[PDB]
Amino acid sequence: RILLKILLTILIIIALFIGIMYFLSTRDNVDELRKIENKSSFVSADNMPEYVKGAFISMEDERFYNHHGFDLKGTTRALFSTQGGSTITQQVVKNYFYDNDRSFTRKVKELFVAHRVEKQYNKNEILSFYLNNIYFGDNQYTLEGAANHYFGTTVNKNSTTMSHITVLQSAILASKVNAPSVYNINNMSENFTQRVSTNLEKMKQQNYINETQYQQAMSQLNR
């Protein structure tokens, strides 16, 4: 009975470690996320055109609405298995709280917190937290701030005061979020335009846009 007393002491130390991690993640109070809706330029996802929401979903988390914070498939491909690996929920937790570090223990507590926001918030609210708290360069942390700043367009579908964000622009912004900081929307390199091209194929292949919109976007991309 030697191999069971060691398999046990190990199985418990991990469960003990995992238990502590929970308490560390607690909290980390997800109620805090509502503070994002106070931003001067906050626009909720439900008030954005569908291709805009889809520029981000197809690029970052194509099964966004299906999961409960953790995407197994996307996280296996992501496990250094030759567009991952964090779900939009995980990125929301990372951006709001762990604005600083990226350690293994932070990655485990990040999982606990993510589960908690999925529990507390609906998918639309979570998508709104995401789009309103990511870095798009030039000190822009909101999609609308970004859209205004780079293009002078808006992402509020209801808006009538400002021109509407194009398919290309939605794809530039979505591509920028996890692009290397070197990618500069003010002066796009070939690697950047290649990246958005991919974002566009995905939008088309997932039917957030049709062939026509896509071709028009690609065309605009190449001037």
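All residue numbers refer to positions in the sequence shown, first residue = 1.
A summary of the deposited B-factors shows that, of 138-146 and 107-115, the stretch with the larger mean C-alpha value is 107-115. For the pair 155-163 and 35-43, the mean Cα B-factor is higher in 155-163.
Among all modelled residues in its chain, residue 123 ranks in the lowest third by Cα B-factor. The PDB entry assigns residue 82 a C-alpha temperature factor belonging to the highest third of its chain's modelled residues.
The entry lists a Cα temperature factor for residue 89 that places it in the middle third of the chain's modelled residues. Among all modelled residues in this chain, the alpha-carbon of residue 26 has a temperature factor (C-alpha) in the highest third. Per the deposited record, the Cα B-factor of residue 183 falls in the lowest third when ranked against the other modelled residues of its chain.
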